[PDB]
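Encoded as C-alpha cells, the structure appears first; notes follow it.
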Amino acid sequence: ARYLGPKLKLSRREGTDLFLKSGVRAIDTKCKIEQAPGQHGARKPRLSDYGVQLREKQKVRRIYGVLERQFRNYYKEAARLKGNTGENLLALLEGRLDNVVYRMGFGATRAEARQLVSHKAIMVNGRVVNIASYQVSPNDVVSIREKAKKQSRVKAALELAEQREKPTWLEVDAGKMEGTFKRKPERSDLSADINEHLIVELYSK
Amino acid sequence: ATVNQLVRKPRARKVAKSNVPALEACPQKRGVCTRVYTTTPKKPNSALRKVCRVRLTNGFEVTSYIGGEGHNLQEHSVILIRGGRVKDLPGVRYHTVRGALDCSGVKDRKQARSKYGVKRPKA
Amino acid sequence: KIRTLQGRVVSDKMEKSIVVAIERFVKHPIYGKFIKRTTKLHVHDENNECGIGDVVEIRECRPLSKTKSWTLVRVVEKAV
Amino acid sequence: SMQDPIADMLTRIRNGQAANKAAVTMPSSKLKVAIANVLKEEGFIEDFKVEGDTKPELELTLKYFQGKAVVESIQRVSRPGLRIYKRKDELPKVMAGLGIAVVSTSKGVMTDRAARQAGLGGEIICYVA
Amino acid sequence: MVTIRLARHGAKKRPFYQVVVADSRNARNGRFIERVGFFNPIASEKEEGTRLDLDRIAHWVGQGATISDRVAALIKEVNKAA
Amino acid sequence: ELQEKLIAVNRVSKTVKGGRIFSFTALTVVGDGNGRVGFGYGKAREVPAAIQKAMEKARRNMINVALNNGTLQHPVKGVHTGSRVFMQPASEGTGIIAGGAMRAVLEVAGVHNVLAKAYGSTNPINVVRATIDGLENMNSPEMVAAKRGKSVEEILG
RNA sequence: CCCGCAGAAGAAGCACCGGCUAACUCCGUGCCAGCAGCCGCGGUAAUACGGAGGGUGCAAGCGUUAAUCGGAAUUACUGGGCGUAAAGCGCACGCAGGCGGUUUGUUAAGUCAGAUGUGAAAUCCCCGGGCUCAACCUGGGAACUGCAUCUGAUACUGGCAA
RNA sequence: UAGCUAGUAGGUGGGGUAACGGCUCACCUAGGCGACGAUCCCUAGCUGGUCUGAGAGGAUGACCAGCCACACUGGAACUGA
C-alpha cells in the first residue's frame with residue numbers, strides 16, 4: 001500500500017521538491033533535478049491539457065504517499081462536504097494522522113512520520129492509534145508514547161522543524177512532546193503553490 | 001415531436017445485438033476445437049493468420065483466432081474461447097485464451113505475459 | 001359521506017344492470033399531457049329507471065355478480 | 001385557426017422588438033389585459049391602451065433602452081396542446097432570478113417572484129426575460 | 001400471537017438488538033408491526049445502551065402482548081422509577 | 001497579463017497544378033482573466049507563423065463580458081453554426097467542467113467554476129465562436145435594472 | 001485487546017509507452033513472424049511486431065473477456081429533424097380523437113394552498129455516536145417526488161346557462 | 001395476433017362457502033369485452049430496492065426485507081382455527 005522506492009525520482013518527474021527527502025541536509029544537492037526523470041529526461045514533452053491534470057493529481061499524491069483508491073475516496077468525501085471541494089480535499093489530506101505528525105515536526109520526512117505512527121509511537125488523547133489515515137478532529141492533542149520516546153530518531157527530527165514555515169493551525173512545545181491540533185488548516189496556511197483547481201477537473205471526466 | 005402523436009406511439013428504443021452471439025451474459029466457453037488451419041487476411045493486410053474453427057459445447061460452430069506466435073492445436077485438445085473480433089479476417093468473432101485447458105502459453109514471451117498465458121520467468 | 005363517482009351510460013339492455021363509463025382526466029407519466037382516459041364499470045340499479053346514454057351517480061357496494069361491484073345512487077341530467 | 005390567443009401576444013411582441021416598431025395592436029381580452037398589466041409594472045412595457053367598445057384593440061407600446069430590444073426572449077410555456085401547471089415550490093426562475101415568469105395563480109396573474117411570497121403557484125403562462 | 005422481542009442486528013461479533021413488536025409466527029428479523037426501541041449488549045458508557053418506549057409497551061400489553069424473557073429483564077433493567 | 005493559449009492546429013491543402021501544397025491553420029484565444037475574451041484564427045505556410053498571425057488577430061478582436069465575481073450571470077444558450085453550447089451558473093463549481101476548445105476560452109475569461117456542455121458539432125473553430133456569442137449577449141443585474149424595472153433591488157428578489 | 005523476545009529479518013507484482021491516452025530509445029525479423037478497441041502498423045534504418053534498457057499507470061492486486069448505463073441531444077418529455085444529408089402520405093373529403101374567438105353568471109371537475117390518514121422496516125441523504133481509523137453498525141431527522149379524504153382559492157383549462 | 005366469449009353478461013329461484021359472488025345447478029333475457037388493444041404468441045416471479053445517469057430517464061430484481069407460487073410430475077381429498 002506504500003511506495004517503497006526511489007523517493008526523489010518522483011520530484012524529478014514533477015519538477016519540484018516534494019519534501020520526501022528533507023532530512024538533516026536542507027539543500028538536496030544530489031538530485032540532478034529537472035534534467036533526468038529517466039533515460040530521455042533532457043527532452044521536454046508537449047504535456048497536453050490532460051497531462052497537466054494528471055501531473056497535478058499525482059504531485060499531491062506523491063507528497064502525502066496516498067494511493068489512487070484512497071485518494072479517490074478523499075475526493076468523494078470532499079465533494080459531498082459543504083463548501084469548496086478543493087478546500088475540503090486539501091483539509092482532508094492535511095487532517096491525516098501521518099501528515100499532522102510531520103507538521104508537528106516529530107518526523108523529518110512524511111515517510112519517517114508514516115513509519116513512526118505505524119509503530120504505535122503516536123499516543124493521541126491517551127489512546128494509541130497506529131493508523132496513518134486517522135482523521136484528527138479539531139482541539140485534539142497528540143503525543144509520543146514512552147516506549148518509543150527520546151530514541152535518537154525524533155530528537156534528530158524536532159531540531160529540523162525551526163527552519164520550517166511554523167504552521168499556524170497547530171502548536172508544538174517539543175519539550176513535553178505534546179502536539180495540539182487547534183483548527184482545520186486554511187488555504188493561506190498551507191504551501192499556497194499547489195493548484196487544487198486542476199484536481200477536481202480530472203475526476204469529472 | 002408533436003407530443004400528441006407520442007402518446008399514441010412512444011419513442012422506440014434502438015435495440016442492439018452483441019458481436020459475440022454465443023450464450024449472452026457469459027465471458028468464456030470451451031469447444032472441441034476441430035480443424036486447425038490458416039486463413040489469409042483481407043487486402044489491406046498480408047499474412048498467414050493462425051485461425052481455428054470451434055464446435056462449442058452449446059452446439060454452435062464458430063471460428064476463433066489463435067493469438068501469439070505458434071500453437072499446439074490439432075483437430076482436438078479442447079481450448080478456452082473468449083470474445084473479441086480481429087478486424088482482419090471476415091467471420092472471426094472470438095479469440096483463444098492461451099494458457100488454458102489444452103493450449104499452453106507462447107514460448108519466449110517476457111512482456112505482456114498475463115496475456116497469452118505465459119508464467120513468470122523462474123529467475 | 002360516501003365517495004360517489006360520476007359517469008355516462010353506455011349500454012342499457014342488460015336486465016336490471018347497466019354499463020357506465022367513467023372519464024378520468026389524468027396526466028401522462030412521461031410527456032405530461034392530460035389524456036382523458038375511460039373507466040368502464042358495470043353498475044347495479046333497479047329494473048329500468050335510466051335509459052341509454054345519460055349521466056348517473058355511482059357508489060361502491062357489495063359485489064353482486066362476477067362483475068358489477070358498484071351500484072347506482074341517482075340519475076341526474078337524464079337522457080333526451 | 002387562431003387556437004392560442006396568448007401566443008398571439010408573444011409572437012407580435014417578439015416581432016415588434018425585432019422590427020423596431022414603437023407600438024403594436026391586437027384584439028384585446030380580459031386575460032390579454034392582465035398579462036399586459038404585469039408587463040407594465042415590471043419594466044417591459046411602459047403603457048398599454050385598451051380602447052374599443054365591441055372590438056377592443058390592446059395597443060401595447062414597446063420601449064427601447066438602447067438600440068437593442070428590452071424584451072430579449074419571450075416564449076410560450078402553457079400551450080393549449082400541452083398544459084403546464086406548477087406548485088409553489090416548483091416555480092421556475094427564468095435567467096437566474098433576474099427574469100420573471102408570468103404565472104396564472106389562484107389570486108390572479110402575477111410573476112413567479114410575487115407568487116412565492118403569496119405561498120401558492122399556478123399555471124405558468126410564459127417565460128419573458 | 002403478538003410478542004415483544006429482540007431483533008438480532010449489527011455486524012459479526014457486534015450484536016445490536018432492537019426491541020420490536022412482532023407476531024410469534026414470524027421470523028426473528030422478519031415481518032413486524034412496529035419497533036419500540038433498541039438495546040446494545042456490547043455498549044459503552046457514552047450516553048445510552050438501552051432505550052425503550054415504555055408508554056407504547058404498556059399500550060400493547062393491554063391488547064395481550066406477551067413479554068419475552070430478556071426484554072422483561074430489560075423492562076426491569078431500565079428501572080421505571082430510577 | 002494577457003494569458004495566451006493555443007487551442008488547435010490543423011493542416012490544410014490547396015491542390016494546385018504542381019500538386020498538393022500544404023498550409024497550417026491555428027486557433028488561439030487571449031484574455032486578461034477578468035472578463036475579456038477574444039479569438040484569432042490565423043493561417044500561414046508554417047506552424048509558428050500561423051500561430052503568430054493568430055496572436056495578433058485575437059488581440060484586436062477582444063470583447064468585454066461582465067462576470068459575477070468569477071462566474072457568469074445566468075444560464076444561457078450559445079448556438080452558432082451547428083454548435084449548441086450551453087452553460088449553467090454553477091455557484092462555486094470548483095474547477096472548470098468544460099470540453100474541447102471549451103476550457104481554453106473559459107480559463108482566459110478568469111473563471112474556476114461553471115459546468116459546460118456542447119451539443120451538435122464539436123468543431124473547434126465554430127465552438128470558440130459559440131462561446132463568445134454566448135458570453136457577449138449575457139446581461140448582469142446592474143444593467144438589467146437599467147433596461148427594465150429602473151431598480152436594482154426588485155429585479156433580483 | 002495489552003505486555004515481553006529477536007531482527008529489517010517473513011512479505012510486489014500486473015498492464016501500457018504512434019494518436020485517442022500517461023510514458024522513449026536500442027537490438028532482431030522484414031506485408032514474414034505477428035499487433036490491433038478505432039484510425040491502421042510490418043515492403044532490410046519499426047517509439048505500433050518479439051526482446052533488452054528506461055519510463056508511465058495501478059497496487060495485493062493488475063490486465064483480458066462477458067453484461068448494464070453514460071458519453072449517445074445517434075428515440076431528443078427535459079432534449080432532434082423532414083427542399084438538396086433519412087424523413088411531407090399524389091391530392092382532397094371526413095368519423096373517432098386532439099385543439100379551439102370574445103363577454104357575464106355559476107360549478108370546483110382539472111389546477112393551487114392548508115390539514116389528516118397512508119406512502120412497512122431495511123436502502124439514499126444530513127446531523128451525531130460506537131468499533132485503534134476506515135469499511136461496518138447504529139440514534140434522530142429529512143426523504144419516500146405517490147394515493148385517498150376534508151376545508152378553501154376562482155386567476156387559467158373544462159362542464160352548464162345566457 | 002382484429003375480432004374474442006356460450007356459465008359466457010345479467011336477472012329469478014334453489015344449493016354451497018367462516019363470507020358476497022355463475023361459487024355451483026333449473027329457467028329466462030342475448031347479452032359481455034375490444035382500436036384508451038379484447039383474444040392469441042413469445043418472455044418474465046412482483047416490490048422496497050441495485051447500478052448508471054447532472055437531472056429526466058434507462059437497465060435490473062443476486063444479497064437484506066414484504067408478498068406470491070412451488071416441494072419428482074399430474075390429480076384429489078382428510079385432519080386441523
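Every residue, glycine among them, receives a Cβ derived from its backbone with ideal geometry; neighbour counts consider all protein chains shown. We did not get these values from a lab; they are worked out from the coordinates using the rules stated.
Data for the structure
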quantity	calculated
Tally, over the stretch A:142-188, of residues that are within 15 Å of RNA strand G (Cβ to nearest atom), outside any loop (DSSP other than H, G, I, E, B) and surrounded by 15 or more Cβ atoms within 10 Å (Cβ to Cβ)	4
Count - residues of the stretch B:40-88 that are farther than 27 Å from B:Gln111 by Cβ and in a loop (DSSP other than H, G, I, E, B)	11
Filter pass, A:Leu93 being more than 8 Å from RNA strand G (Cβ to nearest atom), without any contact (Cβ under 8 Å) to a residue 40 or more places away in the chain and under 14 Å from the mean Cα position of the chain (by Cα)	yes
Residue under evaluation D:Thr54, criteria (1) farther than 21 Å from D:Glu72 by Cβ; (2) surrounded by 13 or more Cβ atoms within 10 Å (Cβ to Cβ), criterion not met	(2)
Checklist (1) in contact with an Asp or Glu (Cβ under 8 Å, 6 or more places away or on another chain); (2) touching a residue at least 60 places away in the same chain (Cβ under 8 Å); (3) on the phi < 0 side of the Ramachandran plot applied to B:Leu101, failing item	(1)
Neighbours by Cβ (under 9 Å, 6+ apart or cross-chain): first from the stretch B:3-24, at positive phi; second part of a loop (DSSP other than H, G, I, E, B) and of a type outside the set (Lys, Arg)	B:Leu23/B:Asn58; B:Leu23/B:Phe60
Residues satisfying the stated conditions in the stretch D:92-106, i.e. away from every other protein chain (no Cβ under 12 Å) and of a type in the set (A, V, I, L, M, F, W, C)	D:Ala101, D:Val102, D:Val103
Condition met for F:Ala101 (buried (at least 16 other Cβ atoms within 10 Å of the Cβ), on the phi > 0 side of the Ramachandran plot and within 14 Å of chain D (Cβ to nearest Cβ))	no
Residue, nearest to A:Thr85 (Cα to Cα), within the stretch F:108-137, restricted to residues that are away from RNA strand G (no atom under 16 Å from the Cβ) and at the interface with another protein chain (Cβ under 9 Å from one of its Cβ atoms)	F:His112
Test: residue in the stretch F:125-137 that is in a loop (DSSP other than H, G, I, E, B) and buried (at least 17 other Cβ atoms within 10 Å of the Cβ)	no
Residue list for the stretch F:1-38, filter: out of contact with any helix residue (DSSP H, G or I) (no Cβ under 9 Å at 6 or more places or on another chain), closer than 30 Å to F:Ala66 by Cα and outside any loop (DSSP other than H, G, I, E, B)	F:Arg36
Qualifying residue in the stretch C:42-57 (condition: assigned to a strand (DSSP E or B), out of contact with any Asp or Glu (no Cβ under 9 Å at 6 or more places or on another chain) and near RNA strand H (Cβ under 8 Å from one of its atoms))	yes
Matching entry among E:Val2, E:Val78 (being in contact (Cβ under 8 Å) with a residue 40 or more places away in the chain, of a type in the set (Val, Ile, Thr) and more than 10 Å from RNA strand G (Cβ to nearest atom))	E:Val2
Subset of the stretch A:12-54 (residues that are over 17 Å from A:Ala111 (Cβ atoms) and of a type in the set (A, V, I, L, M, F, W, C))	A:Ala26, A:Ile27, A:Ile33, A:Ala36, A:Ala42, A:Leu47, A:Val52, A:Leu54
Failed criterion for F:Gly78 (all others in (1) in contact with a helix residue (DSSP H, G or I) (Cβ under 9 Å, 6 or more places away or on another chain); (2) crowded, with 18+ Cβ neighbours inside 10 Å; (3) away from chain D (no Cβ under 14 Å) hold)	(3)
In the stretch C:22-57, the residues that are touching a residue at least 24 places away in the same chain (Cβ under 8 Å) and farther than 13 Å from C:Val10 by Cβ	C:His44, C:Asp45, C:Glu46, C:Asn47, C:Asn48, C:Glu49, C:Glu57
Residue in the stretch D:21-37 that is within 14 Å of chain F (Cβ to nearest Cβ) and either outside any strand (DSSP E or B) or acidic (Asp, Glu) (or both) present	no
Residues of the stretch F:138-157 satisfying the condition of being of a type in the set (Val, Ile, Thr), assigned to a loop (DSSP other than H, G, I, E, B) and within 8 Å of chain D (Cβ to nearest Cβ)	F:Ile155
Residue count for the stretch C:24-43, restricted to those that are touching a strand residue (DSSP E or B) at 6+ places or on another chain (Cβ under 7 Å) and either over 20 Å from C:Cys61 (Cα atoms) or within 14 Å of chain B (Cβ to nearest Cβ) (or both)	12
All positions within the stretch D:78-129 that are surrounded by fewer than 20 Cβ atoms within 10 Å (Cβ to Cβ) and at positive phi	D:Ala96, D:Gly97, D:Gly108, D:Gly119
Test: B:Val15 is within 14 Å of another protein chain (Cβ to nearest Cβ) and within 16 Å of RNA strand H (Cβ to nearest atom)	no
Options C:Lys78, C:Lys1, C:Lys66, C:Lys13; residue that is within 14 Å of RNA strand G (Cβ to nearest atom), exposed (fewer than 13 other Cβ atoms within 10 Å of the Cβ), away from chain B (no Cβ under 14 Å) and not in a strand (DSSP E or B)	C:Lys1
Flag for B:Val20 being in contact with a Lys or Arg (Cβ under 7 Å, 6 or more places away or on another chain) and within 16 Å of RNA strand H (Cβ to nearest atom)	no
The stretch D:40-90: number of residues that are in a loop (DSSP other than H, G, I, E, B) and within 12 Å of chain F (Cβ to nearest Cβ)	13
Among residues of the stretch A:39-90, those that are part of a loop (DSSP other than H, G, I, E, B), small (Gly, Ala, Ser) and in contact (Cβ under 8 Å) with a residue 40 or more places away in the chain, counted	1
Count - residues of the stretch A:119-134 that are surrounded by 15 or more Cβ atoms within 10 Å (Cβ to Cβ) and under 24 Å from A:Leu20 (Cβ atoms)	6
The listed residue being within 14 Å of another protein chain (Cβ to nearest Cβ), among the hydrophobic types (A, V, I, L, M, F, W, C), farther than 17 Å from A:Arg183 by Cα and more than 17 Å from the chain's Cα centre (by Cα), out of A:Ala121, A:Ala78, A:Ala36	A:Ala78
